[PDB]
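Undergrad: Contents of query.txt (compact mmCIF, C-alpha atoms and all ligand atoms) are below:
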# COMPACT_ATOMS: atom_id res chain seq x y z
CA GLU A 1 5.69 -48.34 16.56
CA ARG A 2 4.65 -44.68 15.98
CA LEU A 3 3.95 -41.64 18.18
CA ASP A 4 0.91 -39.36 17.97
CA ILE A 5 2.23 -35.82 18.18
CA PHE A 6 -0.74 -33.44 18.12
CA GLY A 7 -2.40 -35.56 15.43
CA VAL A 8 0.73 -36.24 13.34
CA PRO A 9 2.15 -39.80 13.45
CA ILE A 10 5.92 -39.85 13.89
CA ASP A 11 7.56 -43.24 13.36
CA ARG A 12 10.01 -44.03 16.19
CA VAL A 13 13.01 -44.61 13.92
CA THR A 14 16.77 -44.06 13.81
CA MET A 15 18.63 -42.90 10.70
CA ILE A 16 19.58 -46.50 9.98
CA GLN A 17 16.15 -47.98 10.50
CA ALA A 18 14.70 -45.25 8.31
CA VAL A 19 17.24 -46.04 5.59
CA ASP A 20 16.45 -49.74 6.01
CA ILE A 21 12.66 -49.26 5.83
CA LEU A 22 13.15 -47.22 2.64
CA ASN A 23 15.29 -49.95 1.14
CA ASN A 24 12.57 -52.52 1.77
CA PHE A 25 10.13 -50.08 0.16
CA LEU A 26 11.95 -50.29 -3.13
CA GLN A 27 11.19 -54.04 -3.06
CA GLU A 28 7.37 -53.53 -2.78
CA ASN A 29 5.56 -52.69 -6.05
CA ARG A 30 3.39 -49.78 -4.95
CA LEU A 31 3.78 -46.04 -4.34
CA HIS A 32 5.12 -45.20 -0.90
CA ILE A 33 4.90 -41.62 0.31
CA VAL A 34 7.62 -40.62 2.77
CA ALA A 35 7.53 -37.32 4.67
CA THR A 36 10.05 -35.77 7.07
CA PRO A 37 8.11 -33.71 9.67
CA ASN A 38 9.63 -31.24 12.09
CA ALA A 39 7.98 -29.16 14.81
CA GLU A 40 7.05 -26.43 12.28
CA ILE A 41 5.21 -28.89 10.04
CA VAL A 42 3.26 -30.23 13.04
CA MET A 43 2.17 -26.66 13.85
CA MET A 44 1.10 -26.21 10.21
CA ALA A 45 -0.84 -29.43 10.53
CA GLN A 46 -3.17 -27.79 13.08
CA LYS A 47 -4.38 -25.00 10.81
CA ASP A 48 -4.42 -27.17 7.62
CA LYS A 49 -7.27 -29.70 7.68
CA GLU A 50 -6.14 -31.38 4.44
CA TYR A 51 -2.43 -31.54 5.30
CA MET A 52 -3.28 -33.47 8.45
CA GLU A 53 -5.29 -36.00 6.44
CA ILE A 54 -2.20 -36.43 4.26
CA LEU A 55 0.27 -36.90 7.12
CA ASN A 56 -1.83 -39.82 8.35
CA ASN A 57 -1.79 -41.70 5.03
CA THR A 58 1.91 -41.53 4.39
CA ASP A 59 3.90 -44.75 4.58
CA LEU A 60 6.68 -43.19 6.65
CA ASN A 61 6.84 -39.99 8.71
CA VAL A 62 10.49 -39.58 9.70
CA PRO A 63 11.23 -37.12 12.57
CA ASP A 64 13.17 -34.22 11.10
CA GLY A 65 15.30 -32.19 13.43
CA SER A 66 16.33 -31.89 17.07
CA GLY A 67 13.32 -29.76 18.04
CA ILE A 68 10.74 -32.46 17.37
CA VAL A 69 12.77 -35.00 19.36
CA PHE A 70 12.60 -32.58 22.30
CA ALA A 71 8.79 -32.57 22.11
CA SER A 72 8.82 -36.36 22.25
CA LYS A 73 10.30 -36.19 25.76
CA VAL A 74 6.67 -36.08 27.02
CA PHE A 75 5.95 -39.63 25.71
CA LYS A 76 6.76 -42.91 27.46
CA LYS A 77 9.24 -44.15 24.79
CA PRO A 78 10.57 -40.87 23.30
CA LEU A 79 12.09 -40.68 19.82
CA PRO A 80 15.51 -42.43 19.86
CA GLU A 81 17.81 -40.07 17.94
CA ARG A 82 18.23 -36.79 16.05
CA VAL A 83 17.55 -37.53 12.39
CA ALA A 84 18.05 -34.72 9.90
CA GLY A 85 15.78 -35.15 6.87
CA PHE A 86 18.56 -34.01 4.54
CA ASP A 87 20.97 -36.53 6.02
CA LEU A 88 18.28 -39.17 5.46
CA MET A 89 18.09 -38.16 1.81
CA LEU A 90 21.86 -38.31 1.30
CA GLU A 91 22.57 -41.50 3.26
CA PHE A 92 19.78 -43.02 1.12
CA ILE A 93 21.31 -41.99 -2.21
CA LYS A 94 24.68 -43.38 -0.99
CA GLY A 95 23.22 -46.85 -0.65
CA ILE A 96 21.26 -47.15 -3.89
CA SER A 97 23.90 -45.43 -6.07
CA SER A 98 25.95 -48.61 -6.43
CA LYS A 99 22.86 -50.73 -7.14
CA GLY A 100 21.75 -48.39 -10.01
CA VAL A 101 18.26 -47.37 -8.79
CA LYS A 102 16.80 -44.66 -11.01
CA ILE A 103 16.18 -41.28 -9.37
CA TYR A 104 14.17 -38.34 -10.66
CA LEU A 105 14.45 -34.83 -9.23
CA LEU A 106 11.40 -32.59 -9.58
CA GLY A 107 11.52 -29.11 -8.06
CA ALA A 108 13.60 -26.00 -7.25
CA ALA A 109 13.99 -22.74 -9.24
CA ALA A 110 15.02 -22.78 -12.88
CA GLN A 111 18.21 -24.81 -13.49
CA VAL A 112 18.59 -25.48 -9.76
CA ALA A 113 17.43 -29.09 -10.02
CA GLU A 114 19.96 -29.61 -12.83
CA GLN A 115 22.91 -28.39 -10.75
CA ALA A 116 22.03 -30.64 -7.81
CA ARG A 117 22.07 -33.59 -10.21
CA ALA A 118 25.65 -32.83 -11.15
CA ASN A 119 27.07 -32.59 -7.62
CA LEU A 120 25.34 -35.83 -6.59
CA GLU A 121 26.85 -37.69 -9.53
CA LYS A 122 30.24 -36.75 -8.13
CA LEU A 123 29.73 -37.36 -4.40
CA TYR A 124 27.98 -40.73 -5.03
CA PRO A 125 29.49 -42.05 -8.25
CA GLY A 126 27.50 -44.28 -10.58
CA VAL A 127 24.18 -42.88 -9.35
CA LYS A 128 21.46 -43.08 -12.00
CA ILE A 129 19.52 -39.80 -12.04
CA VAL A 130 17.23 -40.27 -15.02
CA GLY A 131 15.58 -36.82 -15.16
CA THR A 132 14.98 -33.44 -13.54
CA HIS A 133 12.55 -30.52 -13.90
CA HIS A 134 12.10 -27.15 -12.17
CA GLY A 135 9.37 -26.68 -9.58
CA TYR A 136 7.39 -24.02 -11.51
CA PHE A 137 5.19 -25.80 -14.08
CA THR A 138 1.63 -25.63 -15.45
CA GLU A 139 -1.22 -28.14 -15.37
CA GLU A 140 -0.29 -28.84 -18.99
CA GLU A 141 3.36 -29.29 -17.98
CA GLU A 142 2.52 -31.51 -14.99
CA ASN A 143 1.14 -34.18 -17.31
CA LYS A 144 4.32 -33.97 -19.35
CA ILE A 145 6.53 -34.24 -16.27
CA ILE A 146 4.65 -37.18 -14.75
CA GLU A 147 4.74 -38.88 -18.15
CA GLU A 148 8.52 -38.53 -18.10
CA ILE A 149 8.80 -39.70 -14.51
CA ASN A 150 6.83 -42.84 -15.29
CA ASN A 151 8.30 -43.57 -18.74
CA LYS A 152 11.91 -43.18 -17.67
CA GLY A 153 11.30 -45.93 -15.13
CA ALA A 154 12.27 -43.86 -12.10
CA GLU A 155 11.96 -45.66 -8.81
CA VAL A 156 12.66 -42.71 -6.55
CA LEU A 157 11.08 -39.30 -6.87
CA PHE A 158 12.54 -36.50 -4.79
CA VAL A 159 10.04 -33.64 -4.71
CA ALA A 160 11.53 -30.34 -3.54
CA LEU A 161 8.57 -27.93 -3.42
CA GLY A 162 8.57 -27.03 0.27
CA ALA A 163 6.00 -27.73 2.94
CA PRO A 164 3.24 -28.47 2.54
CA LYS A 165 3.18 -28.15 -1.27
CA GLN A 166 5.43 -31.16 -1.82
CA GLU A 167 3.42 -33.49 0.38
CA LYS A 168 0.17 -32.27 -1.27
CA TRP A 169 1.39 -32.60 -4.89
CA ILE A 170 2.44 -36.18 -4.31
CA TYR A 171 -0.88 -37.09 -2.69
CA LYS A 172 -2.92 -35.68 -5.59
CA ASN A 173 -0.88 -37.64 -8.11
CA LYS A 174 -0.54 -40.68 -5.89
CA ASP A 175 -2.46 -42.60 -8.50
CA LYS A 176 -0.78 -41.09 -11.59
CA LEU A 177 2.79 -41.76 -10.38
CA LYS A 178 4.44 -45.12 -10.94
CA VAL A 179 7.43 -44.84 -8.61
CA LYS A 180 8.14 -46.76 -5.39
CA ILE A 181 9.18 -43.86 -3.14
CA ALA A 182 7.99 -40.29 -3.56
CA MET A 183 9.62 -38.20 -0.81
CA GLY A 184 9.10 -34.50 -0.29
CA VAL A 185 12.55 -33.11 0.51
CA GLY A 186 11.88 -29.39 0.19
CA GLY A 187 14.76 -27.02 -0.36
CA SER A 188 17.47 -29.70 -0.24
CA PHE A 189 18.10 -29.06 -3.94
CA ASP A 190 19.15 -25.49 -3.10
CA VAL A 191 21.62 -26.87 -0.56
CA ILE A 192 23.17 -29.49 -2.84
CA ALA A 193 23.49 -27.04 -5.75
CA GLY A 194 25.50 -24.69 -3.49
CA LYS A 195 22.96 -21.90 -3.97
CA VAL A 196 22.12 -22.00 -0.23
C1 LIG A 201 12.56 -30.02 5.10
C2 LIG A 201 11.28 -29.31 4.77
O1 LIG A 201 10.22 -29.93 4.62
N1 LIG A 201 11.35 -27.96 4.67
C3 LIG A 201 10.20 -27.06 4.61
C4 LIG A 201 10.52 -25.63 4.15
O2 LIG A 201 11.31 -25.67 2.98
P1 LIG A 201 12.22 -24.37 2.51
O3 LIG A 201 13.32 -24.15 3.49
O4 LIG A 201 12.66 -24.50 1.05
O5 LIG A 201 11.18 -23.17 2.56
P2 LIG A 201 10.40 -22.40 1.41
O6 LIG A 201 10.53 -20.93 1.59
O7 LIG A 201 8.96 -23.00 1.34
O8 LIG A 201 11.21 -22.92 0.16
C5 LIG A 201 10.58 -23.33 -1.07
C6 LIG A 201 11.36 -24.41 -1.79
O9 LIG A 201 10.48 -25.10 -2.70
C7 LIG A 201 10.74 -24.68 -4.03
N2 LIG A 201 9.46 -24.32 -4.65
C8 LIG A 201 8.50 -23.61 -3.98
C9 LIG A 201 7.31 -23.32 -4.53
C10 LIG A 201 7.02 -23.74 -5.87
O10 LIG A 201 5.96 -23.55 -6.48
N3 LIG A 201 8.04 -24.44 -6.48
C11 LIG A 201 9.26 -24.76 -5.94
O11 LIG A 201 10.09 -25.41 -6.56
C12 LIG A 201 11.74 -23.53 -3.94
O12 LIG A 201 12.59 -23.52 -5.08
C13 LIG A 201 12.49 -23.91 -2.67
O13 LIG A 201 13.43 -24.95 -2.90
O14 LIG A 201 9.34 -24.87 3.94
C14 LIG A 201 8.48 -24.82 5.10
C15 LIG A 201 8.14 -23.35 5.34
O15 LIG A 201 9.29 -22.54 5.60
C16 LIG A 201 9.15 -25.51 6.29
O16 LIG A 201 8.29 -25.45 7.43
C17 LIG A 201 9.50 -26.96 5.97
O17 LIG A 201 10.31 -27.50 7.02
Before anything else, please render the file you have as structure tokens.
TA:
Amino acid sequence: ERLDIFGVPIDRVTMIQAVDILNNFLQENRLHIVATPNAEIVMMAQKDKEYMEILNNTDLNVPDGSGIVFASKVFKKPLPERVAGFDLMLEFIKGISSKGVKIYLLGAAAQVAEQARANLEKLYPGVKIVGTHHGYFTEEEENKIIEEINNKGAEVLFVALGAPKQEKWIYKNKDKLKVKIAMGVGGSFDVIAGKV
């Protein structure tokens, strides 16, 4: 089902299979960790002993970018299509925004996460974004944020802290968090807020 690229499992999925897998994940009552690796993450994975351990315990590693698909041309069944990890995030919010699935946005510089919430509520109307918080907090604050994420009954956590911080922060709190999908989506808040 998956492809071993220099230690990093990449699931052989299309945009639509990846959106379908993620929809079935919301139906299973456990934390799923989704990551979107590109060639640059796989190179990071070689120097970072811990990051590699993490990329092998995620529930879904979705191939981000055209470069990593190119590398797959060495394998027997190469990766089927160009998936952009940002497109995956947006096509995903399109589908759940009618069904009222609660989304929390943790990350980005001060007031950036709040602006991305606004533009999403327009593009995908009726989307339930239950909370946000900037990506610069303390160990004291972390407990407060996680408490909010859990108590507001968020099913989807979009962590925008960049690689590999986002994938590492999720894995540490993989037992504290009570959401169904926690997906590192680094820097896509900056894009949606129009800052970048
Ligand atoms: C799609 C994806 O996985 N992209 C990654 C990329 O993301 P990026 O383009 O955003 O690059 P950064 O320079 O790391 O950006 C930092 C972002 O995280 C926020 N942040 C950071 C630190 C913090 O303590 N709190 C925060 O909130 C900040 O506001 C901003 O949104 O980074 C890697 C290296 O470049 C890439 O290899 C990798 O593909």
Undergrad: Step by step, measure atom-to-atom distances between ligand LIG 201 (chain A) and each residue using only C-alpha atoms and all ligand atoms, keep those at most 6 Å, then write them as a ChimeraX atom specification.
TA: /A:40-41,107-109,135-136,160-163,185-187,190
Undergrad: Smallest atom-to-atom distance to residue A:143: which of A:122, A:176, A:193, A:169, using only C-alpha atoms?
TA: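 Result for the nearest residue to residue A:143: A:176.
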Undergrad: To one decimal place in Å, what is the distance between atom CA of residue A:78 and atom CA of residue A:13?
TA: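 Separation between atom CA of residue A:78 and atom CA of residue A:13: 10.4 Å.
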Undergrad: Given the choices A:137, A:124, A:51, A:86, which gets closest to residue A:100 if the distance is worked out from all atoms listed in the file?
TA: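 Among A:137, A:124, A:51, A:86, it is A:124 that comes nearest to residue A:100.
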Undergrad: Give me the residues within 12 Å of stretch 115-120 of chain A as a ChimeraX atom specification, counting all atoms listed in the file and dropping any in the same chain fewer than 2 places off.
TA: /A:89-94,97,103-113,122-134,158,160,187-196
Undergrad: How many Å separate atom CA of residue A:26 from atom CA of residue A:44?
TA: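 Result for atom CA of residue A:26 versus atom CA of residue A:44: 29.6 Å, one decimal.
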Undergrad: Figure out the distance between atom CA of residue A:170 and atom CA of residue A:16, please, to one decimal in Å.
TA: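 If I compute the distance from atom CA of residue A:16 to atom CA of residue A:170, I get 24.6 Å.
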Undergrad: Of the residues A:155, A:147, A:27, A:172, which is the one nearest to residue A:101, using only C-alpha atoms?
TA: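 Closest residue, counting only C-alpha atoms: A:155.
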Undergrad: Measuring between only C-alpha atoms, which one of A:182, A:83, A:47, A:140 shows the shortest distance to residue A:157?
TA: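 Ranked by minimum distance to residue A:157, first place goes to A:182.
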Undergrad: Rank A:49, A:37, A:42, A:138 by their smallest atom-to-atom distance to residue A:64, using all atoms listed in the file, and report the top residue only.
TA: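 For residue A:64, the nearest of the candidates is A:37.
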Undergrad: Using only C-alpha atoms, determine which residues lie at most 7 Å from residue A:32, disregarding the query and same-chain residues fewer than 6 positions distant; provide the list as a PyMOL selection string.
TA: chain A and resi 59+180-182
Undergrad: Residues around (12.9, -38.6, 12.8), cut-off 12 Å, counting all atoms listed in the file - what are they as a PyMOL selection string?
TA: chain A and resi 2-3+9-19+34-39+60-72+78-88
Undergrad: Pick from A:154, A:55, A:45, A:31: nearest to residue A:173, with all atoms listed in the file counted?
TA: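 Answer, going by the shortest atom-to-atom distance: A:31.
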